[PDB]
>>> print(open('entry02.txt').read())   # compact mmCIF, C-alpha atoms
# COMPACT_ATOMS: atom_id res chain seq x y z
CA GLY M 1 161.15 96.59 60.11
CA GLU M 2 163.05 96.05 56.81
CA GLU M 3 166.38 97.01 58.55
CA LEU M 4 166.22 93.55 60.29
CA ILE M 5 166.01 91.94 56.77
CA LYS M 6 169.64 91.93 55.41
CA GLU M 7 170.65 91.37 51.73
CA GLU M 8 171.22 87.66 52.72
CA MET M 9 168.98 85.84 55.27
CA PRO M 10 169.01 82.17 56.37
CA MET M 11 165.73 80.33 57.15
CA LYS M 12 164.69 77.13 59.03
CA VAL M 13 161.33 75.32 58.66
CA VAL M 14 159.37 72.51 60.33
CA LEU M 15 156.32 71.23 58.41
CA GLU M 16 153.92 68.54 59.75
CA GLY M 17 150.70 67.22 58.25
CA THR M 18 148.51 64.48 56.78
CA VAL M 19 147.50 63.90 53.15
CA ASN M 20 144.74 61.28 52.63
CA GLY M 21 145.45 60.13 56.24
CA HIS M 22 149.26 59.63 55.66
CA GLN M 23 151.22 61.50 58.43
CA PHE M 24 154.66 63.02 57.78
CA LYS M 25 157.16 65.54 59.15
CA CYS M 26 159.73 67.65 57.21
CA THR M 27 162.56 70.02 58.20
CA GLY M 28 164.25 72.57 55.96
CA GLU M 29 167.22 74.92 55.97
CA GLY M 30 168.19 77.45 53.33
CA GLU M 31 169.08 81.02 52.53
CA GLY M 32 168.23 83.75 50.03
CA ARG M 33 168.46 87.40 49.01
CA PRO M 34 165.18 88.99 50.15
CA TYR M 35 165.52 92.20 47.99
CA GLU M 36 166.50 90.18 44.86
CA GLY M 37 163.61 87.71 45.43
CA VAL M 38 165.74 84.53 45.29
CA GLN M 39 165.90 81.74 47.86
CA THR M 40 166.92 78.05 48.09
CA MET M 41 165.80 75.49 50.70
CA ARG M 42 167.13 71.98 51.43
CA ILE M 43 164.15 69.92 52.69
CA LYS M 44 164.35 66.52 54.51
CA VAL M 45 161.31 64.21 54.98
CA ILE M 46 162.18 63.06 58.57
CA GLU M 47 158.95 61.05 59.34
CA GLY M 48 156.60 59.18 56.93
CA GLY M 49 159.08 59.01 53.98
CA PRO M 50 159.22 58.05 51.24
CA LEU M 51 155.87 59.92 50.93
CA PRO M 52 153.09 57.96 49.09
CA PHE M 53 152.19 61.26 47.22
CA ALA M 54 154.06 63.83 45.03
CA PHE M 55 156.26 66.18 47.13
CA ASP M 56 155.13 68.91 44.67
CA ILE M 57 151.85 69.48 46.66
CA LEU M 58 153.99 70.52 49.73
CA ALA M 59 156.48 72.60 47.65
CA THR M 60 154.51 75.92 47.96
CA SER M 61 154.07 75.51 51.81
CA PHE M 62 157.87 75.67 52.53
CA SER M 66 158.50 82.10 52.04
CA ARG M 67 157.08 85.61 51.38
CA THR M 68 159.99 87.70 52.80
CA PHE M 69 162.04 86.87 49.61
CA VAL M 70 160.03 88.88 46.98
CA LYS M 71 161.75 91.65 44.93
CA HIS M 72 159.53 94.79 45.24
CA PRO M 73 160.11 97.72 42.84
CA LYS M 74 160.43 101.23 44.47
CA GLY M 75 156.68 102.10 44.21
CA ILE M 76 155.18 98.93 45.90
CA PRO M 77 155.38 98.78 49.71
CA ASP M 78 156.55 95.38 51.08
CA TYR M 79 153.92 94.17 53.65
CA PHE M 80 156.15 91.12 54.48
CA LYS M 81 159.50 92.89 55.24
CA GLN M 82 157.73 95.69 57.22
CA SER M 83 156.21 92.94 59.56
CA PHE M 84 159.54 92.17 61.36
CA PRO M 85 160.61 91.51 63.99
CA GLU M 86 157.21 89.91 64.95
CA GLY M 87 156.65 88.47 61.42
CA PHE M 88 153.36 87.29 59.86
CA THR M 89 151.07 84.25 59.46
CA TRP M 90 149.47 82.85 56.30
CA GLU M 91 146.49 80.49 55.83
CA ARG M 92 145.77 78.81 52.47
CA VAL M 93 143.10 76.62 50.79
CA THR M 94 144.09 74.87 47.51
CA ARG M 95 141.59 72.99 45.29
CA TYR M 96 142.81 70.57 42.58
CA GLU M 97 140.59 70.11 39.46
CA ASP M 98 140.50 66.28 40.17
CA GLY M 99 139.18 66.58 43.78
CA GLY M 100 142.21 67.19 46.08
CA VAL M 101 141.80 69.89 48.81
CA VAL M 102 144.74 71.20 50.94
CA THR M 103 144.51 73.54 53.98
CA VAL M 104 147.78 75.09 55.32
CA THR M 105 148.47 77.41 58.27
CA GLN M 106 151.95 78.99 58.65
CA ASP M 107 153.79 81.13 61.23
CA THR M 108 156.81 83.26 60.10
CA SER M 109 158.99 84.75 62.89
CA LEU M 110 162.56 86.17 63.03
CA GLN M 111 164.76 84.73 65.87
CA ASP M 112 168.46 85.76 66.29
CA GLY M 113 168.50 86.93 62.60
CA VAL M 114 167.12 83.57 61.29
CA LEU M 115 163.71 83.40 59.57
CA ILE M 116 161.75 80.62 61.40
CA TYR M 117 158.79 78.89 59.64
CA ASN M 118 156.25 76.50 61.30
CA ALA M 119 153.67 74.95 58.90
CA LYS M 120 150.80 72.41 59.28
CA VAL M 121 149.25 70.81 56.12
CA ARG M 122 145.94 68.88 55.87
CA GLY M 123 145.16 67.27 52.49
CA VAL M 124 142.04 65.18 51.69
CA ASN M 125 140.22 63.58 48.72
CA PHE M 126 143.24 63.22 46.38
CA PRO M 127 142.15 60.53 43.86
CA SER M 128 144.17 57.25 44.23
CA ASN M 129 144.61 57.17 40.37
CA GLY M 130 145.55 60.89 40.02
CA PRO M 131 149.11 62.17 39.36
CA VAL M 132 149.53 63.33 43.02
CA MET M 133 148.87 59.92 44.76
CA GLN M 134 150.68 58.19 41.79
CA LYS M 135 153.77 60.46 42.35
CA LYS M 136 153.63 61.29 38.57
CA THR M 137 154.23 65.12 38.76
CA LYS M 138 157.15 67.17 37.28
CA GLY M 139 156.91 70.48 39.23
CA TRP M 140 154.95 73.74 38.92
CA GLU M 141 154.67 76.00 35.82
CA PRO M 142 155.78 79.63 36.37
CA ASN M 143 152.76 81.66 37.61
CA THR M 144 151.46 85.09 38.64
CA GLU M 145 149.74 85.58 42.04
CA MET M 146 147.29 88.54 42.35
CA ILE M 147 147.67 90.40 45.72
CA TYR M 148 144.62 92.39 47.03
CA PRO M 149 144.77 94.42 50.28
CA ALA M 150 141.96 93.13 52.56
CA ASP M 151 141.22 93.99 56.24
CA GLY M 152 144.73 95.20 57.31
CA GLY M 153 146.33 92.22 55.46
CA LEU M 154 146.71 90.78 51.94
CA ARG M 155 144.75 88.13 50.01
CA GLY M 156 146.59 86.32 47.20
CA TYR M 157 144.90 84.40 44.35
CA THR M 158 146.69 82.00 41.98
CA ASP M 159 145.61 79.54 39.26
CA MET M 160 148.63 77.16 39.13
CA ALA M 161 149.44 74.19 36.82
CA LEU M 162 151.32 71.11 38.07
CA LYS M 163 153.21 69.36 35.21
CA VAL M 164 152.21 65.66 34.86
CA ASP M 165 154.97 63.10 34.00
CA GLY M 166 154.02 61.61 30.57
CA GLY M 167 152.58 65.07 29.68
CA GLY M 168 149.63 67.33 30.60
CA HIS M 169 148.93 69.69 33.56
CA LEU M 170 146.89 69.25 36.77
CA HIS M 171 145.17 72.63 37.38
CA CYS M 172 144.70 73.91 40.95
CA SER M 173 143.53 77.24 42.45
CA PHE M 174 144.27 78.75 45.78
CA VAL M 175 143.53 81.70 48.02
CA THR M 176 146.02 82.86 50.71
CA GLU M 177 145.40 85.27 53.60
CA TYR M 178 148.62 86.98 54.77
CA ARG M 179 148.37 88.82 58.13
CA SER M 180 151.18 90.75 59.91
CA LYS M 181 151.83 90.00 63.64
CA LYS M 182 152.96 93.68 63.85
CA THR M 183 150.17 96.30 64.30
CA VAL M 184 149.26 97.59 60.75
CA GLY M 185 149.38 101.15 62.28
CA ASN M 186 153.21 101.00 61.74
CA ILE M 187 152.89 99.44 58.19
CA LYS M 188 152.50 101.28 54.84
CA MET M 189 150.03 99.25 52.72
CA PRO M 190 150.25 98.59 48.97
CA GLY M 191 147.24 98.62 46.65
CA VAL M 192 146.54 95.70 44.25
CA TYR M 193 149.62 94.20 42.53
CA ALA M 194 150.99 90.92 41.04
CA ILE M 195 153.92 88.58 41.93
CA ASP M 196 155.61 86.45 39.22
CA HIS M 197 156.88 83.17 40.76
CA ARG M 198 159.12 80.43 39.35
CA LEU M 199 159.60 77.41 41.67
CA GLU M 200 162.24 74.92 40.46
CA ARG M 201 163.52 71.66 41.95
CA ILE M 202 167.37 71.72 41.59
CA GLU M 203 168.16 68.44 43.48
CA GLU M 204 166.23 65.30 44.56
CA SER M 205 167.26 62.00 46.30
CA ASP M 206 165.79 58.71 47.65
CA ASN M 207 162.19 58.87 46.30
CA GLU M 208 161.87 62.62 47.23
CA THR M 209 162.91 62.18 50.94
CA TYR M 210 165.52 64.92 50.11
CA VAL M 211 164.39 67.90 47.95
CA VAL M 212 166.25 71.18 47.16
CA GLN M 213 164.06 73.86 45.52
CA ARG M 214 164.76 77.43 44.32
CA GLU M 215 162.10 80.18 44.02
CA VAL M 216 162.47 83.53 42.21
CA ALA M 217 159.57 85.92 43.00
CA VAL M 218 159.25 89.52 41.61
CA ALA M 219 156.39 91.94 42.54
CA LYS M 220 155.04 94.15 39.69
CA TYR M 221 152.14 96.54 38.78
CA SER M 222 149.07 94.93 37.06
>>> encode(input="entry02.txt", output="structure tokens")
Amino acid sequence: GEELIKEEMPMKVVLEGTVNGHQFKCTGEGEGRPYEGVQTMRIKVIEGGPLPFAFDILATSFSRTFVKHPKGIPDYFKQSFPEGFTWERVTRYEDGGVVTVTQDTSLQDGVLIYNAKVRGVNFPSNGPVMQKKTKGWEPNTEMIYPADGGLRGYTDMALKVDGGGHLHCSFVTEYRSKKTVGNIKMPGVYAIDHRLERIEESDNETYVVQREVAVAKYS
């Protein structure tokens, strides 16, 4: 399982969706160090750009294989290969926005392949998201709970608002292996510290490069 995940792995992503009825399509390519928990992705908006909403609400939909796990915490994600895993997420913003995402992760000729679909509704026209007035995500901790042969993650996350302040959002993720869980050693409860940073931007966020560092730990 893990032996297919090398110290360096490339990844490719296609993401499609609608937010408040606006349709768009993105592609991404990048690479990271799965055991060190660091990854970078270069993302192009290919259809529907420039987006009429903050790219930040898509940022967390573009990579669970690249989490540093200490010796004592089994890695559900890396053990899933070669078949990979799916994740499904619901995010709720404090000002009314709701996002649903479904994601497929597979491994094809040693490349991690991501396919994502995003549906966003009820973002307020005067809020920082539809006004494109956001400045990225604050570092956060996700709580991971084993649940029916898979994992459930919970995060309270804060989106920085340009001019100051935070927009608070919660979400719940269900991570499920495509490999039988009979051949997977399961962790108990644990936490992941995430830092998601935008390192390059161009042409009203039609080109975005973002770096994530994610480290699993005991709670």
>>> atom_distance(input="entry02.txt", atom1="atom CA of residue M:195", atom2="atom CA of residue M:167")
26.5 Å
>>> atom_distance(input="entry02.txt", atom1="atom CA of residue M:193", atom2="atom CA of residue M:100")
28.2 Å
>>> closest_residue(input="entry02.txt", among="M:28, M:178, M:58, M:191", to="residue M:103", atoms="all atoms listed in the file")
M:58
>>> residues_around(input="entry02.txt", residues="residue M:40", least_positions_apart="5", cutoff="6 Å", atoms="all atoms listed in the file", output="list in words")
residues 30, 31, 213 and 214 of chain M
>>> closest_residue(input="entry02.txt", among="M:1, M:185, M:139, M:168", to="residue M:84", atoms="all atoms listed in the file")
M:1
>>> closest_residue(input="entry02.txt", among="M:76, M:132, M:26, M:57", to="residue M:42", atoms="only C-alpha atoms")
M:26
>>> axis_aligned_box(input="entry02.txt", around="stretch 104-110 of chain M", padding_each_side="5 Å", output="JSON")
{"center_x": 155.2, "center_y": 80.6, "center_z": 59.2, "size_x": 24.8, "size_y": 21.1, "size_z": 17.7}
>>> residues_near_point(input="entry02.txt", point="(144.4, 66.7, 44.3)", cutoff="10 Å", atoms="all atoms listed in the file", output="VMD selection string")
chain M and resid 19 to 20 53 57 94 to 102 123 to 128 130 to 133 170 to 172
>>> closest_residue(input="entry02.txt", among="M:82, M:143, M:68, M:106", to="residue M:176", atoms="only C-alpha atoms")
M:106
>>> closest_atom_pairs(input="entry02.txt", of="stretch 27-127 of chain M", to="stretch 8-16 of chain M", cutoff="12 Å", atoms="only C-alpha atoms", output="tab-separated table")
residue	atom	partner	partner_atom	distance
M:27	CA	M:14	CA	4.6
M:28	CA	M:13	CA	4.8
M:29	CA	M:12	CA	4.5
M:30	CA	M:11	CA	5.4
M:31	CA	M:10	CA	4.0
M:32	CA	M:8	CA	5.6
M:33	CA	M:8	CA	4.6
M:34	CA	M:8	CA	6.7
M:35	CA	M:8	CA	8.7
M:36	CA	M:8	CA	9.5
M:37	CA	M:8	CA	10.5
M:38	CA	M:8	CA	9.7
M:39	CA	M:9	CA	9.0
M:40	CA	M:11	CA	9.4
M:41	CA	M:11	CA	8.1
M:42	CA	M:12	CA	9.5
M:43	CA	M:13	CA	8.5
M:44	CA	M:14	CA	9.7
M:45	CA	M:15	CA	9.3
M:46	CA	M:16	CA	10.0
M:47	CA	M:16	CA	9.0
M:48	CA	M:16	CA	10.1
M:58	CA	M:15	CA	9.0
M:59	CA	M:15	CA	10.8
M:60	CA	M:15	CA	11.6
M:61	CA	M:15	CA	8.2
M:62	CA	M:13	CA	7.0
M:66	CA	M:11	CA	9.0
M:67	CA	M:11	CA	11.7
M:68	CA	M:9	CA	9.5
M:69	CA	M:9	CA	9.0
M:81	CA	M:9	CA	11.8
M:104	CA	M:15	CA	9.9
M:105	CA	M:15	CA	10.0
M:106	CA	M:15	CA	8.9
M:107	CA	M:13	CA	9.9
M:108	CA	M:13	CA	9.2
M:109	CA	M:11	CA	9.9
M:110	CA	M:11	CA	8.9
M:111	CA	M:11	CA	9.8
M:112	CA	M:10	CA	10.6
M:113	CA	M:9	CA	7.4
M:114	CA	M:11	CA	5.4
M:115	CA	M:11	CA	4.4
M:116	CA	M:12	CA	5.1
M:117	CA	M:13	CA	4.5
M:118	CA	M:14	CA	5.2
M:119	CA	M:15	CA	4.6
M:120	CA	M:16	CA	5.0
M:121	CA	M:16	CA	6.3
M:122	CA	M:16	CA	8.9
M:123	CA	M:16	CA	11.4
>>> closest_residue(input="entry02.txt", among="M:55, M:90, M:148, M:140", to="residue M:204", atoms="all atoms listed in the file")
M:55
>>> closest_residue(input="entry02.txt", among="M:23, M:186, M:222, M:89", to="residue M:145", atoms="only C-alpha atoms")
M:222
>>> atom_distance(input="entry02.txt", atom1="atom CA of residue M:5", atom2="atom CA of residue M:187")
15.2 Å
>>> residues_near_point(input="entry02.txt", point="(142.9, 80.7, 43.9)", cutoff="7 Å", atoms="all atoms listed in the file", output="JSON, numbers by chain")
{"M": [94, 157, 158, 159, 173, 174, 175]}
>>> residues_around(input="entry02.txt", residues="residue M:152", least_positions_apart="6", cutoff="9 Å", atoms="only C-alpha atoms", output="VMD selection string")
chain M and resid 179 to 180 183 to 184 189
>>> decode(input="entry02.txt", residues="stretch 50-199 of chain M", atoms="C-alpha atoms", output="PDB file, in the first residue's frame")
ATOM      1  CA  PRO M  50     -12.056  35.201 -13.540  1.00  0.00           C
ATOM      2  CA  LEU M  51     -14.358  33.657 -10.875  1.00  0.00           C
ATOM      3  CA  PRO M  52     -16.978  36.079  -9.405  1.00  0.00           C
ATOM      4  CA  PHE M  53     -16.159  34.629  -5.892  1.00  0.00           C
ATOM      5  CA  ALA M  54     -13.001  34.176  -3.716  1.00  0.00           C
ATOM      6  CA  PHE M  55     -10.834  31.238  -4.915  1.00  0.00           C
ATOM      7  CA  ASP M  56     -10.245  30.575  -1.166  1.00  0.00           C
ATOM      8  CA  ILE M  57     -13.565  28.599  -0.895  1.00  0.00           C
ATOM      9  CA  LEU M  58     -12.166  26.052  -3.481  1.00  0.00           C
ATOM     10  CA  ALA M  59      -8.651  25.967  -1.922  1.00  0.00           C
ATOM     11  CA  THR M  60      -9.398  23.036   0.496  1.00  0.00           C
ATOM     12  CA  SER M  61     -11.025  20.892  -2.320  1.00  0.00           C
ATOM     13  CA  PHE M  62      -7.766  20.649  -4.395  1.00  0.00           C
ATOM     14  CA  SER M  66      -4.910  16.043  -0.840  1.00  0.00           C
ATOM     15  CA  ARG M  67      -4.837  13.617   2.142  1.00  0.00           C
ATOM     16  CA  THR M  68      -1.924  11.366   0.995  1.00  0.00           C
ATOM     17  CA  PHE M  69       0.556  14.191   1.979  1.00  0.00           C
ATOM     18  CA  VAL M  70       0.160  14.111   5.830  1.00  0.00           C
ATOM     19  CA  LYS M  71       3.218  13.416   8.067  1.00  0.00           C
ATOM     20  CA  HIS M  72       2.179  10.597  10.494  1.00  0.00           C
ATOM     21  CA  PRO M  73       4.358   9.884  13.566  1.00  0.00           C
ATOM     22  CA  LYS M  74       5.353   6.182  14.139  1.00  0.00           C
ATOM     23  CA  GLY M  75       2.346   5.344  16.406  1.00  0.00           C
ATOM     24  CA  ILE M  76      -0.537   6.597  14.115  1.00  0.00           C
ATOM     25  CA  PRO M  77      -1.490   4.335  11.190  1.00  0.00           C
ATOM     26  CA  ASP M  78      -1.963   6.205   7.862  1.00  0.00           C
ATOM     27  CA  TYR M  79      -5.467   5.295   6.481  1.00  0.00           C
ATOM     28  CA  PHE M  80      -4.714   7.333   3.276  1.00  0.00           C
ATOM     29  CA  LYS M  81      -1.330   5.779   2.237  1.00  0.00           C
ATOM     30  CA  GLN M  82      -2.553   2.210   3.077  1.00  0.00           C
ATOM     31  CA  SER M  83      -5.496   2.736   0.548  1.00  0.00           C
ATOM     32  CA  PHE M  84      -3.274   2.496  -2.596  1.00  0.00           C
ATOM     33  CA  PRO M  85      -3.284   1.444  -5.319  1.00  0.00           C
ATOM     34  CA  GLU M  86      -7.141   1.784  -5.419  1.00  0.00           C
ATOM     35  CA  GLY M  87      -7.120   5.067  -3.403  1.00  0.00           C
ATOM     36  CA  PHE M  88     -10.027   6.661  -1.492  1.00  0.00           C
ATOM     37  CA  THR M  89     -12.985   9.063  -1.859  1.00  0.00           C
ATOM     38  CA  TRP M  90     -13.993  11.990   0.363  1.00  0.00           C
ATOM     39  CA  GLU M  91     -17.324  13.851   0.711  1.00  0.00           C
ATOM     40  CA  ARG M  92     -17.576  17.197   2.548  1.00  0.00           C
ATOM     41  CA  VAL M  93     -20.228  19.712   3.728  1.00  0.00           C
ATOM     42  CA  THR M  94     -18.989  23.210   4.726  1.00  0.00           C
ATOM     43  CA  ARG M  95     -21.230  25.838   6.393  1.00  0.00           C
ATOM     44  CA  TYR M  96     -20.167  29.525   6.529  1.00  0.00           C
ATOM     45  CA  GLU M  97     -21.429  31.640   9.495  1.00  0.00           C
ATOM     46  CA  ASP M  98     -22.989  34.148   6.943  1.00  0.00           C
ATOM     47  CA  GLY M  99     -25.107  31.532   5.064  1.00  0.00           C
ATOM     48  CA  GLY M 100     -22.832  29.884   2.426  1.00  0.00           C
ATOM     49  CA  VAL M 101     -23.069  26.043   2.086  1.00  0.00           C
ATOM     50  CA  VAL M 102     -20.602  23.949  -0.016  1.00  0.00           C
ATOM     51  CA  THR M 103     -20.893  20.209  -0.856  1.00  0.00           C
ATOM     52  CA  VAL M 104     -17.815  18.460  -2.395  1.00  0.00           C
ATOM     53  CA  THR M 105     -17.266  14.870  -3.573  1.00  0.00           C
ATOM     54  CA  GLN M 106     -13.723  13.724  -4.489  1.00  0.00           C
ATOM     55  CA  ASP M 107     -12.084  10.607  -5.994  1.00  0.00           C
ATOM     56  CA  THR M 108      -8.343   9.932  -5.321  1.00  0.00           C
ATOM     57  CA  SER M 109      -6.672   7.218  -7.474  1.00  0.00           C
ATOM     58  CA  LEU M 110      -3.033   6.350  -8.344  1.00  0.00           C
ATOM     59  CA  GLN M 111      -2.344   5.871 -12.116  1.00  0.00           C
ATOM     60  CA  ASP M 112       1.211   5.137 -13.456  1.00  0.00           C
ATOM     61  CA  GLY M 113       2.680   6.550 -10.170  1.00  0.00           C
ATOM     62  CA  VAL M 114       0.697   9.857 -10.446  1.00  0.00           C
ATOM     63  CA  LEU M 115      -1.943  10.768  -7.826  1.00  0.00           C
ATOM     64  CA  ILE M 116      -5.147  11.594  -9.814  1.00  0.00           C
ATOM     65  CA  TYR M 117      -7.883  13.773  -8.203  1.00  0.00           C
ATOM     66  CA  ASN M 118     -11.435  14.354  -9.602  1.00  0.00           C
ATOM     67  CA  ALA M 119     -13.588  16.831  -7.589  1.00  0.00           C
ATOM     68  CA  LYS M 120     -17.128  18.312  -8.001  1.00  0.00           C
ATOM     69  CA  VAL M 121     -18.151  21.395  -5.916  1.00  0.00           C
ATOM     70  CA  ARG M 122     -21.701  22.753  -5.352  1.00  0.00           C
ATOM     71  CA  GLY M 123     -21.972  26.050  -3.443  1.00  0.00           C
ATOM     72  CA  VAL M 124     -25.246  27.893  -2.650  1.00  0.00           C
ATOM     73  CA  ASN M 125     -26.574  30.841  -0.577  1.00  0.00           C
ATOM     74  CA  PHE M 126     -23.310  32.856  -0.373  1.00  0.00           C
ATOM     75  CA  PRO M 127     -24.470  36.419   0.461  1.00  0.00           C
ATOM     76  CA  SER M 128     -23.856  38.901  -2.439  1.00  0.00           C
ATOM     77  CA  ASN M 129     -22.387  41.427   0.118  1.00  0.00           C
ATOM     78  CA  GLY M 130     -20.201  38.849   1.980  1.00  0.00           C
ATOM     79  CA  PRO M 131     -16.386  38.593   1.621  1.00  0.00           C
ATOM     80  CA  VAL M 132     -16.668  35.434  -0.584  1.00  0.00           C
ATOM     81  CA  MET M 133     -18.892  36.914  -3.396  1.00  0.00           C
ATOM     82  CA  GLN M 134     -16.998  40.279  -2.961  1.00  0.00           C
ATOM     83  CA  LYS M 135     -13.616  38.446  -3.465  1.00  0.00           C
ATOM     84  CA  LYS M 136     -12.389  40.161  -0.223  1.00  0.00           C
ATOM     85  CA  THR M 137     -10.638  37.135   1.448  1.00  0.00           C
ATOM     86  CA  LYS M 138      -6.903  36.740   2.370  1.00  0.00           C
ATOM     87  CA  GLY M 139      -6.574  32.929   2.850  1.00  0.00           C
ATOM     88  CA  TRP M 140      -7.160  30.429   5.676  1.00  0.00           C
ATOM     89  CA  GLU M 141      -5.776  30.613   9.258  1.00  0.00           C
ATOM     90  CA  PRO M 142      -3.722  27.559  10.347  1.00  0.00           C
ATOM     91  CA  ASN M 143      -6.111  24.945  11.837  1.00  0.00           C
ATOM     92  CA  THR M 144      -6.433  21.529  13.499  1.00  0.00           C
ATOM     93  CA  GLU M 145      -8.784  18.863  12.044  1.00  0.00           C
ATOM     94  CA  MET M 146     -10.087  16.164  14.468  1.00  0.00           C
ATOM     95  CA  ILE M 147     -10.087  12.650  12.872  1.00  0.00           C
ATOM     96  CA  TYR M 148     -12.537  10.016  14.300  1.00  0.00           C
ATOM     97  CA  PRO M 149     -12.646   6.418  12.976  1.00  0.00           C
ATOM     98  CA  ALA M 150     -16.251   5.738  11.840  1.00  0.00           C
ATOM     99  CA  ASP M 151     -17.675   2.692   9.952  1.00  0.00           C
ATOM    100  CA  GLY M 152     -14.428   1.392   8.328  1.00  0.00           C
ATOM    101  CA  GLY M 153     -13.454   5.003   7.368  1.00  0.00           C
ATOM    102  CA  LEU M 154     -12.587   8.359   8.976  1.00  0.00           C
ATOM    103  CA  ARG M 155     -14.684  11.446   9.789  1.00  0.00           C
ATOM    104  CA  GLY M 156     -12.832  14.781  10.059  1.00  0.00           C
ATOM    105  CA  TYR M 157     -14.182  17.905  11.809  1.00  0.00           C
ATOM    106  CA  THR M 158     -12.701  21.401  11.464  1.00  0.00           C
ATOM    107  CA  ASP M 159     -13.712  24.918  12.575  1.00  0.00           C
ATOM    108  CA  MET M 160     -11.756  27.105  10.077  1.00  0.00           C
ATOM    109  CA  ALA M 161     -11.366  30.920   9.809  1.00  0.00           C
ATOM    110  CA  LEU M 162     -11.053  32.686   6.425  1.00  0.00           C
ATOM    111  CA  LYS M 163      -9.126  35.995   6.744  1.00  0.00           C
ATOM    112  CA  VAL M 164     -11.160  38.993   5.427  1.00  0.00           C
ATOM    113  CA  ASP M 165      -9.288  41.753   3.491  1.00  0.00           C
ATOM    114  CA  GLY M 166      -9.659  44.972   5.576  1.00  0.00           C
ATOM    115  CA  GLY M 167      -9.553  42.735   8.702  1.00  0.00           C
ATOM    116  CA  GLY M 168     -11.712  40.151  10.525  1.00  0.00           C
ATOM    117  CA  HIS M 169     -12.398  36.408   9.961  1.00  0.00           C
ATOM    118  CA  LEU M 170     -15.286  34.547   8.269  1.00  0.00           C
ATOM    119  CA  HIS M 171     -15.882  31.405  10.393  1.00  0.00           C
ATOM    120  CA  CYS M 172     -16.893  28.128   8.696  1.00  0.00           C
ATOM    121  CA  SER M 173     -17.257  24.509   9.909  1.00  0.00           C
ATOM    122  CA  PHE M 174     -17.035  21.312   7.995  1.00  0.00           C
ATOM    123  CA  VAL M 175     -17.362  17.561   8.283  1.00  0.00           C
ATOM    124  CA  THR M 176     -15.497  15.193   5.888  1.00  0.00           C
ATOM    125  CA  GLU M 177     -16.078  11.463   5.372  1.00  0.00           C
ATOM    126  CA  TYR M 178     -12.941   9.689   4.061  1.00  0.00           C
ATOM    127  CA  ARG M 179     -13.509   6.128   2.731  1.00  0.00           C
ATOM    128  CA  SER M 180     -10.846   3.768   1.269  1.00  0.00           C
ATOM    129  CA  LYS M 181     -11.577   2.060  -2.109  1.00  0.00           C
ATOM    130  CA  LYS M 182      -9.389  -0.819  -0.761  1.00  0.00           C
ATOM    131  CA  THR M 183     -11.157  -3.365   1.526  1.00  0.00           C
ATOM    132  CA  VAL M 184     -10.535  -2.215   5.180  1.00  0.00           C
ATOM    133  CA  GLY M 185      -9.673  -5.919   5.940  1.00  0.00           C
ATOM    134  CA  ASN M 186      -6.129  -5.126   4.609  1.00  0.00           C
ATOM    135  CA  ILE M 187      -5.923  -1.719   6.473  1.00  0.00           C
ATOM    136  CA  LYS M 188      -4.709  -1.068  10.064  1.00  0.00           C
ATOM    137  CA  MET M 189      -7.002   1.610  11.564  1.00  0.00           C
ATOM    138  CA  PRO M 190      -5.957   4.498  13.829  1.00  0.00           C
ATOM    139  CA  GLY M 191      -7.996   5.667  16.819  1.00  0.00           C
ATOM    140  CA  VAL M 192      -8.916   9.367  17.280  1.00  0.00           C
ATOM    141  CA  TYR M 193      -6.153  11.879  16.393  1.00  0.00           C
ATOM    142  CA  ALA M 194      -5.592  15.476  15.117  1.00  0.00           C
ATOM    143  CA  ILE M 195      -3.991  16.981  11.949  1.00  0.00           C
ATOM    144  CA  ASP M 196      -2.418  20.480  12.033  1.00  0.00           C
ATOM    145  CA  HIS M 197      -2.805  22.161   8.599  1.00  0.00           C
ATOM    146  CA  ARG M 198      -1.305  25.357   7.190  1.00  0.00           C
ATOM    147  CA  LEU M 199      -2.540  26.278   3.669  1.00  0.00           C
TER     148      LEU M 199
END
